[PDB]
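Starting off, we have a lone chain in the form deposited in one PDB entry, written out as structure tokens.
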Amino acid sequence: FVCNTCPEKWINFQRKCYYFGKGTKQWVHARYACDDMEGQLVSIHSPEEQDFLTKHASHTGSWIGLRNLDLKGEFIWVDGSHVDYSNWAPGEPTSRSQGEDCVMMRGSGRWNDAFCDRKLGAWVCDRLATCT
């Protein structure tokens, strides 16, 4: 059972399909963009996925599906899972909390948290690949 069929302009990695959005956006706006294309902001759970993502990342930094939820103090992916795998840059995260906190991936693939109204030139979506 092979799962690597993807919509046009999406790229397959394993069980998921990925989209590498371009265009200046805030976090919540990037969230909407992902929704528009029937995906959601990427959730990252392993070295191999990060490694995939780093090799296709934008140099200017990208929004990802991670944000601080001060009602549990924690960073939660938009898929609902907690942080297992992490790729925080040195000293990060710095800004929990501070309710309005969102996460971004640097050109280098390393993460840092950031004010949500910050404007990033890229953003990444994922979704399930279809199968055969």
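We number the residues from 1 along the sequence you see. Rigid core (definition): largest C-alpha set, two forms, superposition within 1.5 Å. Shifts are known only where both forms have a C-alpha.
Visitor: If you average the CA temperature factors as listed in the entry, which stretch comes out higher, 40-48 or 98-106?
Guide: If you average the C-alpha B-factors of 98-106 and of 40-48, the larger mean comes out for 98-106.
Visitor: Output the stretch having the higher mean C-alpha B factor in the entry; the candidates are 53-61 and 76-84.
Guide: For C-alpha atoms only, the mean B-factor is higher in 53-61.
Visitor: Split the chain's modelled residues into thirds by Cα B-factor; is residue 15 in the lowest, middle or highest one?
Guide: Lowest third - that is where residue 15 ends up once the chain's C-alpha B-factors are sorted.
Visitor: Divide the modelled residues of the chain into thirds by Cα B-factor and specify which third, lowest, middle or highest, holds residue 34.
Guide: Tercile = lowest for this residue's CA B-factor.
Visitor: Please rank the C-alpha B-factors of the chain's modelled residues and tell me whether residue 119 sits in the lowest, middle or highest third.
Guide: Its C-alpha B-factor belongs to the highest third of this chain's values.
Visitor: How does residue 129 rank on Cα B-factor within its chain, lowest, middle or highest third?
Guide: For residue 129, whose C-alpha B-factor we compare with every modelled residue in the chain, the answer is the lowest third.
This protein has a second form, the form deposited in another entry, left out of what is shown; the following refers to that one.
Visitor: Compare C-alpha positions between this form and the one not shown after fitting on the rigid core and state which of 45, 29, 106, 96 moves by at least 2 angstroms.
Guide: With the rigid core superposed, the residue that stands out is 96.
Visitor: For residue 56, is the CA shift between this form and the one not shown at least 2 Å following rigid-core superposition?
Guide: Stays below the 2 Å threshold, so no.
Visitor: At a change of 3 Å or more, would you call the C-alpha separation of residue 100 and residue 108 in the other entry closer or farther than in the form supplied?
Guide: Note: Cα gap between residue 100 and residue 108 shrinks in the other entry.
Visitor: Closer or farther: how do the Cα atoms of residue 118 and residue 95 compare in the other entry relative to this form, given a change of at least 3 Å?
Guide: Farther apart, by at least 3 Å.
Visitor: Which parts of the chain move between this form and the one not shown, counting only runs of three or more residues whose C-alpha shifts are all 2 Å or more after core fitting?
Guide: Once the cores are aligned, runs 70-73, 81-83, 94-100 are those whose C-alphas move by at least 2 Å.
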